[PDB]
Amino acid sequence: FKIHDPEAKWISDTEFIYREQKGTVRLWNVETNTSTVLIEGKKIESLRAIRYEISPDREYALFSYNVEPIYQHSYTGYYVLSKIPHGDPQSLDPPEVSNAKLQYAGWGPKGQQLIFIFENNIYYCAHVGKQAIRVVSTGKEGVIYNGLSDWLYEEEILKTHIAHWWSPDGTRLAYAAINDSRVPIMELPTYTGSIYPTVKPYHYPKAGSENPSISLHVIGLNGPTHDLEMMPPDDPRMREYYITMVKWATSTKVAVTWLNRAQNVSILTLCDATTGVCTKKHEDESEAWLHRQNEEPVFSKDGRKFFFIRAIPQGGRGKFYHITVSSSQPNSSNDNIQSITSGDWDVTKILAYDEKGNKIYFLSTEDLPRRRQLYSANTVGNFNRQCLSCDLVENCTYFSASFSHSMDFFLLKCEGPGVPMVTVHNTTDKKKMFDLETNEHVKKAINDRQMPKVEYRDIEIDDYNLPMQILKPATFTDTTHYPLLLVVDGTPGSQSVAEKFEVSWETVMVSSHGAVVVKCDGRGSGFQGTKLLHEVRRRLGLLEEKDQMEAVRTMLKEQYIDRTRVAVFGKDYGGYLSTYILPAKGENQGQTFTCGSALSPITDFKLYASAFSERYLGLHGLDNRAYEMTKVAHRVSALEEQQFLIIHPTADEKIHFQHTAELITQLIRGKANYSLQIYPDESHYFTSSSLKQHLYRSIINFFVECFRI
Amino acid sequence: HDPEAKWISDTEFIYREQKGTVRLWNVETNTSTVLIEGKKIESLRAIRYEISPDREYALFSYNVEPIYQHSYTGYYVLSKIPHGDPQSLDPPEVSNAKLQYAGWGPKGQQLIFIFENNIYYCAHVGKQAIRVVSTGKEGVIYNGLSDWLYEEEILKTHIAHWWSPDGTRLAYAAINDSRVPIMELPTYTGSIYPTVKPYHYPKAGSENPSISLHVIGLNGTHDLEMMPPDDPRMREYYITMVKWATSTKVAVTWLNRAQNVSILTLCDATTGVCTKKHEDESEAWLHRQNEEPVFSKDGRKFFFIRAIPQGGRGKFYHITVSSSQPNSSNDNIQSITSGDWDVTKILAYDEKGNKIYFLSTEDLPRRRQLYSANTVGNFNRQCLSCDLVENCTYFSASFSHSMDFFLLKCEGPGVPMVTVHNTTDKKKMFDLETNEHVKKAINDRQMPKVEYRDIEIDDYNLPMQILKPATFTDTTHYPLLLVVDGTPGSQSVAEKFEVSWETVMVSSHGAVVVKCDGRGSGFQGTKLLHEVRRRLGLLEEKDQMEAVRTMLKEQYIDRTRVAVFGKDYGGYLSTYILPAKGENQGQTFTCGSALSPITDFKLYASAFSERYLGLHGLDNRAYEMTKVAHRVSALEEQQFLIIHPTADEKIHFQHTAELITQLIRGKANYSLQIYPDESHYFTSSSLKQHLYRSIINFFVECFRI
């Protein structure tokens, strides 16, 4: 079942890197079916170097290897530079330091120039032998950051460990400075270190507290290494601000997104990298918040009119996220907004724009919110949407793509509901010349076992068509009864009902232990309208609760389903929901769920990060009158007979153990029946394979025990 | 019920509260003098109260909460003898604040109080608070109160001040914790930002706190400190017993960190000079280091409890006479009591003739009877209580100042009993307390049938107690549930009366509960005590499986339903009794559990681990076979459960978490529960009843079929 996905990227407009398929790194050329071998099995001897990157001059290779990330992806460790053919592995060491751990190096936009960050200190090296330059070092251990992300950015808004950008000229570098000194620092207990283990402290801004300061600066990649700060906008509702991402529109101009602390006012600003002068290019605001600040304008090579994406009213069903064309330097007289496409759907991402005509390539849910396909349109007023896949292959409906430098070719991937089909196509013929990777071993594997029957029964509630997917054990019969399991995510801005290939524990007990699993996307689910997303605002945990109530009731209509064996599971915020979903239906036909489970729930959002709680319920520290009833302690009153289980690693970073401890205190005060399980001193994102096997085995054992009868 | 009466004189005892007010009963003609009334309610329900030695001031301890096993910290308020007029007891320039201890003197209204680990004394209630000593520190320098270790492990009591018989000087221990490693207990509930709480917990092989002894005068008041002995093998030492031999002389027991070399020394309180009296050594360790001396009115020959070789069945605990000033060459050691039995502790000694009263297990190890011997060479040990009341196998007699009268407490195996008797006639003129509510409760409820079936292994007979639901038959199968404690230097099986979870589960579902005094049980010869030296968790489990095999040969005891349970070290043993009996005859148990167990002793305190496994820090090589990691290997499907409070300072939750880590590496099914941020002993009754609810709720499901 393991996927040998290379996931290459277009090095040039004619060829891509052609990453590992079953070992040594080749380099495929689309021109005439040519796969030049560049890296051999020598990476095995590089102390098992996990990651590798190729310089823009394809003359030096960086190989990074470590043991474990920190928050989500802290790809630190040892970084070694090697010649492109082979040989001479040298550990990239910071100045006046021998071989030591290195957080990240990366590559420049040209030649063999690069940087590398050690203890929040950017060190530039134009050449292999170039001495590392202390360009900026004001960052500190857990106090001040520059070039990398803290917990808050890497887990809430940035979602990326790297926090700096290379200018196109390869002469300037934009880095974000983070002041975490004000942030309260909380410690995680250690129960495995030594006879006297010590706690692990890190800064974690809780709800109602303040948030770390942010600023953006530019350094020089040569000579003086001159630094210039960019002033944030000073709107009356922007006392505290966030920089989501920035992009080099040119080598001297940078597009910056500034979001107020209330998160209901965003500003796109064009700032001069070489001067520091910031010029606002766009402004947007909403009553509650600005959703999806994770988008990038498509700026041309010359910095001509760019292609952003934003919420257009879309008539009914609320406003939808659609592409927009805006001039390079819009005048203050009026906005140049021009929605490329419009419909009851959204553009998940915009691939690129071909300057050689009217060709805007993007990925969207235009077919359906539960499927992702590649589409293209024309930038000029005709706006003729053009197929590229639009169900190119019947087996796979999910799609993604990456185009070349001049849109000459593009890599494409299916990854659902079939095996990931990594293939190379061209914009002109729109026909596969050859297959890049198909993982036919996974094909015969899924054909070698009882692949569960996938089906979809969408429901309707209020003025919304709520998606839904349901599984069968591939031997299903309508007369025989089957126990029910629900999987709940309900994460604001997320989707559970999607046609993307994935195999996990749910399939494991569906095929083996004979279960039927339900995935739903209630109110507030993403990609189905900004209005629907904002329905749950200031009403967290209630509307979606009724959505899953109706889902359970509809699933109980079946004559092939059980009622004495019903269960619900969730994780993260979905864990909180799954806890909040233990009712007794009516008063006579109660016992809605036979057994329950959860994993790292979020009991009180005051005990969570501020960027989440303030965003979805308003800023705390002012008696928001919204974090009280959202405590599940009120709803866990009944807890009559359901067998409840909690899973929580000790050293969780995203969702602190304080939540579980408080919920356990509530259970004690309520005399509830449950069984807790813990992972001593383990990270939240839980990236160990054997431990993952243990966790899934525990889940399936508990669920089959509460379903055996 | 409990009168908890203590003597003020031979004629009268305090006769404390039974069901409210407190009268001062007098033995002579049943005279209960009116001293305390329902006035105790107005002082915010002061849990504890005391009477000044002049019987003119009453001290209430209100808003007192327990930090450790017994940390009587709270607000102490004095009041007049009749009723009313409270007044806050405070150090100078300090408002109403919690005081860790107050205490009381032997004469008049003199008293002390401890604030920030500092003793402040006043000879009078109206006397201004005096900074007699203020050198103590919060958790670093303790004077007047014990640390965690002394309150828990060796001294077994929080109070650390001893008044002189004349009430002129105080003997107190200065404990320095600046040389102790610290533990930061994780707090999860204190606030939105809960921070750890630090307290000095010396683990095995760590640096123990340094103890010194001091005596402070109560008049005039300069401190004077004593030299302990300086034997080469006691470079690290502790004070395991201290008591004023006279108004100027005090008996102190200095024991090495190896806990196998102890010295009893008589020292001058007003000078600080010490005079060595006795020494005691053993290859494994010493037992009952807290034995206070039994001196005389003139400070002559005192009484000691020595494990004399006693020929067969190993050495036994017998009383010994040590002359007033023994010669340098040799002492006047001479055992009074003899035979294959042990004296639990000496009640009292009569200087007006020859009558030494004590409790002993001469009848049975699980029974306590009162015996009185003579100091003269005849050694006529007489049983005085014997069988005064049929429902009394346990006994506890507190004798008066002139000793002609005493108070006898039964405490099982039936309803506990409190009575007043005279030592001469052994006559019950009246009953102090019959525990009427206890009788009416036991009569109206299904009392479980208690019976005993002792086992014999090697040269040790281990008593065992087994219960029945008072509806015993043969057609019904009784699922066995072993209960193991196995505390070294302690007795687990006896004829005492109890009401516990085992009683409830036997009454409700009739599952037989077995208790056996495994190897290491006390009061049965020091041979059994030292047999398990460096052999912990290895020999008691043999006794347990052989005992349960003997009880399992009964057809009404089934193989499908077998359980093991324990708490603290007993929890670890319970975990250690989950084997696979061969391979064909597996499923030795069905549901297993533990309560804050200890598996790897290197994560435990030095005074406990090193007492049996040798001092850590030098690779003793004995600690390393004591882990249940190898014994939790198979554990195919039998239920396994853990209960552990987060802030258990007795056994750290780190133990349980390391067990979880090892189980994850072993990949065996289990369960777990948490009590976030509470101490070990469940001071609140609500937590205790929730624990019992969880225990019974788990155990019912592991057998029902």
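As recorded in the PDB entry, chain B goes by Dipeptidyl aminopeptidase-like protein 6 and comes from Homo sapiens. Each PDB entry has a title, and for this one the record gives "CryoEM structure of human Kv4.2-DPP6S-KChIP1 complex". Within the UniProt record for chain B, the comment given under Function (literature references left out) is "Promotes cell surface expression of the potassium channel KCND2. Modulates the activity and gating characteristics of the potassium channel KCND2. Has no dipeptidyl aminopeptidase activity." Its UniProt record gives chain B a comment under Subcellular location, which states: "Cell membrane".

By the naming in the PDB entry, chain A is Dipeptidyl aminopeptidase-like protein 6, taken from Homo sapiens. A UniProt comment under Function (literature references left out) is attached to chain A, and it reads "Promotes cell surface expression of the potassium channel KCND2. Modulates the activity and gating characteristics of the potassium channel KCND2. Has no dipeptidyl aminopeptidase activity." Quoted verbatim from the Subcellular location field of UniProt, the annotation for chain A is "Cell membrane".

Novice: Sorry, what's going on with the overall build of chain A here?
Specialist: Helix and strand counts for chain A stand at 9 helices and 40 strands. With the C-alpha coordinates of chain A rotated into their principal frame, the extents come out at 80 × 60 × 60 Å. A buried classification covers 59% of the 709 residues belonging to chain A. Accessible surface, chain A as shown: approximately 28,700 Å² in total, 52% of it carbon and sulfur. The average position of the 77 basic charges and that of the 86 acidic charges among the side chains of chain A differ by 1 Å.

Novice: Help me understand the sheet that holds strand β27 (residues 400-403) of chain A in this model?
Specialist: Backbone hydrogen bonds are what pair the strands of a sheet, in a parallel or an antiparallel way. Residue and element names in this part refer to chain A. The strand order across the open sheet formed by 4 strands is β27-β28-β29-β30, and the pairing between neighbours is antiparallel. Whereas interior strands pair on both sides, the edge strands pair on one side only; in this sheet they are β27 and β30 (434-437). Each strand axis lies, on average, 25° off the axis of its neighbour in the sheet, ignoring direction. Of the pairings in the sheet, the one linking β27 to strand β28 (residues 410-413) comprises 4 bridges and is antiparallel in character. Bridge pairing links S400 to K413 in β28.

Novice: Help me understand the interface of chain A and chain B, please; the structure alone is not making it clear to me.
Specialist: Accessible area lost during the coming together of the parts is what is often quoted as the interface size. The interface is formed by 40 residues belonging to chain A together with 39 residues belonging to chain B. When the buried area of chain A at its contact with chain B is split by residue, A:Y191, A:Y196 and A:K671 rank highest and sum to 22% of it. Inspection of the chain A/chain B interface yields 0 salt bridges. In this structure, the connection of chain A to chain B is made through 16 residue pairs in polar contact. Sorting the residues of the side of chain A that touches chain B by element identifies β13 (185-188), α8 (657-670), β40 (674-679) and α9 (689-707) of chain A as the ones contributing at least two each. With 8 residues, the top contributor of residues to the side of chain A that touches chain B is α8(A).

Novice: What is the right way to look at the sheet that holds strand β33 (residues 464-468) of chain B in this model?
Specialist: Residues and elements named next belong to chain B. Within the open sheet, the 8 strands sit side by side as β30-β33-β35-β34-β36-β37-β38-β39. Their pairing is mixed. Each of the sheet's edge strands pairs with one partner strand only, and the pair in question is β30 (449-452) and β39 (673-675). On average, adjacent strands in this sheet sit at an angle of 15° to one another, irrespective of strand direction. Alignment of β30 against β33, held across 4 bridges, turns out to be antiparallel. Bridge pairing links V450 to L467 in β33. Contacts from helix α3 (residues 501-509) reach β33, β34 (480-484), β35 (513-516) and β36 (562-566) within the one sheet, and its direction differs from that of β35 by about 145°. Where helix α9 (residues 685-701) meets the sheet, its contacts fall on β34, β36, β37 (591-595), β38 (639-645) and β39, and the angle it forms with β37 comes to roughly 165°.

Novice: How should I be thinking about the state of the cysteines in this particular structure?
Specialist: Each disulfide is one covalent bond, formed between the sulfur atoms of two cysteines. If you walk through the whole model with that rule in mind, you get 8 disulfides over all chains. Two residues share a disulfide in this structure: A:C387 and A:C390, whose sulfurs sit 2.0 Å from each other. Residues A:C387 and A:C390 share a disulfide whose torsion about the S-S bond is about 115°; that sign makes it right-handed. Here B:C392 connects covalently by a disulfide to B:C410, the sulfurs 2.0 Å from one another. Its S-S torsion of about 85° marks the bond between B:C392 and B:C410 as right-handed, since a negative value means left-handed. Of this pair, B:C392 sits in the loop between β25 (382-383) and β26 (396-399) while B:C410 is found in the loop between β27 (405-409) and β28 (418-422), placing the two residues 18 residues apart along the sequence.

Novice: How should the UniProt feature "disulfide bond" in chain A be read in this particular structure?
Specialist: All names here are of chain A. Of the disulfides listed in UniProt, the one joining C396 and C414 is reproduced in the coordinates: its sulfurs are separated by 2.0 Å, less than 2.5 Å. Of this pair, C396 sits in the loop between β26 (386-387) and β27 while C414 sits in the loop between β28 and β29 (422-425), and the two are 18 residues apart along the sequence. Accessibility expressed as a relative area gives 2% for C396, which makes it buried. Of the UniProt disulfides, the one joining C595 and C706 is intact in these coordinates, the sulfur pair sitting 2.0 Å apart. Remark: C706 occurs in helix α9 and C595 occurs in strand β38 (residues 595-599); sequence separation between them is 111 residues.

Novice: I tried to follow the pairing of β34(B) on my own but got confused; where do I start?
Specialist: Regular strands place their side chains on alternate faces of the sheet. All names here are of chain B. Within β34, 5 of the 5 residues are buried, which leaves it mostly tucked inside the rest of the structure. Burial along β34 is two-sided: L480, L482 and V484 and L481 and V483, pointing in opposite directions, are all buried. Pairing analysis gives 5 bridges linking β34 to β36, with the strands arranged parallel. Of the residues in β36, the one forming a bridge with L480 is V562. With 3 bridges connecting them, β34 and β35 associate as parallel partners. Across the sheet, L482 pairs through a bridge with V514, a residue of β35. The parallel pair β34 and β35 is bridged by α3, and the resulting crossover is right-handed.

Novice: Mind showing me how you'd approach the packing of aromatic side chains here?
Specialist: Given two aromatic rings, one states the distance between the centres and the angle between the planes to describe the pair. Counted by the stated rule, this structure contains 70 aromatic pairs over all chains. A ring pair is formed by A:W289 and A:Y616, whose centres lie 5.9 Å apart and whose planes are at 80°; its orientation type is edge-to-face. Remark: A:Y616 occurs in helix α7 (residues 610-617) and A:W289 occurs in the loop between β20 (278-285) and β21 (306-312); sequence separation between them is 327 residues. Aromatic side chains B:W7 and B:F13 sit 5.1 Å apart centroid to centroid with 85° between the ring planes, which places their arrangement in the edge-to-face category. With respect to burial, B:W7 and B:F13 carry one shared label: buried. Aromatic ring contacts, followed pair by pair, group A:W289, A:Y573, A:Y576, A:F605, A:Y608, A:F612 and A:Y616 into a single cluster. Over the face of the ring belonging to A:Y78 we find A:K101, whose NZ or CZ atom lies 3.5 Å from the ring centre. Across the ring face of B:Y120, the terminal group of B:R131 is positioned such that the distance to the ring centre comes to 3.9 Å.

Novice: Mind showing me how you'd approach the pairing of strand β15 (residues 213-220) of chain A here?
Specialist: Residues and elements named next belong to chain A. In terms of residue burial, β15 counts as a mostly covered element, since 7 of its 8 residues are buried. Pairing between strand β12 (residues 172-179) and β15: 8 bridges, direction antiparallel. Bridging from a neighbouring strand, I178 pairs with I214 of β15.

Novice: How should I be thinking about empty space enclosed by the protein in this particular structure?
Specialist: Taking a probe equal in size to a water molecule and rolling it over the atoms shows the remaining empty space. All names here are of chain B. By volume, the largest cavity is sized at about 300 Å³. What lines the largest cavity is a set of 23 residues, among which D280, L286, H287, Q289 and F304 lie closest to the centre. Looking at the lining of the largest cavity, the elements that each hand over two or more residues are β18 (261-268), β19 (274-281), β20 (302-308) and α4 (526-531). A per-element tally of the lining of the largest cavity places β20 first, with 4 residues. Its residues assigned to classes, the lining of the largest cavity comprises 10 nonpolar, 7 polar and 6 charged.

Novice: Is there a simple way to explain the environment of A:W258 in this structure?
Specialist: All names here are of chain A. Relative to the helices and strands, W258 is located in strand β18 (residues 253-260). Given the relative accessible area of 0%, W258 is considered buried. Along the backbone, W258 and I243 are 15 residues apart, and their C-alpha atoms lie at a distance of 5.1 Å. Sequence-distant contacts of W258, defined by excluding residues within four places in its chain, comprise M230, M231, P232, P233, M238, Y241, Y242, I243, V265, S266, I267 and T269. Of note is the side chain of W258, whose polar atom sits 3.4 Å from the side chain of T269.

Novice: Teacher, can you tell me more about the UniProt feature "disulfide bond" in chain B here?
Specialist: Residues and elements named next belong to chain B. UniProt pairs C267 with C274 in a disulfide, and the coordinates agree: the sulfur atoms lie 2.0 Å from each other. Between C392 and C410, for which a disulfide is recorded in UniProt, an S-S distance of 2.0 Å is seen, short enough (under 2.5 Å) for the bond to be assigned. Note on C392: relative accessible area 3%, which makes it buried. On the basis of relative accessible area, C410 is assigned to the buried category, the value being 0%.

Cut-offs applied
Residues numbered from 1 in each chain as written, not as in the entry; some residues may be left out. Chains lettered and ligands numbered in written order. Part of a larger assembly, values for the part shown. Heavy atoms only, no water. UniProt positions renumbered as here; feature names shortened; annotations may be inferred. Helix = DSSP H or I, 4+ residues; strand = E, 2+ residues; numbered from the N terminus. Buried < 20%, exposed > 50% of the residue type's maximum accessible area, 1.4 Å probe, protein only. Areas by Shrake-Rupley, 256 points an atom, 1.4 Å probe, with all protein chains shown as cover. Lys, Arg positive; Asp, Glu negative; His and termini not counted. Charge placed at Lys NZ, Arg CZ, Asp CG, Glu CD. Pairing = 2+ DSSP bridges. Axes fitted to C-alpha atoms, helices over the stretch in contact; angles between N-to-C directions. Contact = heavy atoms within 4.5 Å. Buried area = accessible area lost by both parts, 1.4 Å probe. Salt bridge = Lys/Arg side-chain N within 4 Å of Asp/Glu carboxyl O. Polar contact = N/O pair within 3.5 Å; in protein donor to acceptor, adjacent residues only side chain to side chain. Disulfide = S-S within 2.5 Å. Right-handed = clockwise from strand over helix to strand, strands pointing away. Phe/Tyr/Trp six-rings, centres within 6.5 Å; stacked < 30°, edge-to-face > 60°. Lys NZ or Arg CZ within 6 Å of the ring centre and 35° of its normal. 1 Å grid on protein atoms, 1.4 Å probe; cavity = no way out; pocket = protein on both sides within 12 Å on 5 of 7 lines; lining within 4 Å. Points joined across faces, edges and corners; volume = space filled by probe spheres on them. Nonpolar A, V, L, I, M, F, W, Y, C, P; charged D, E, K, R; others polar.

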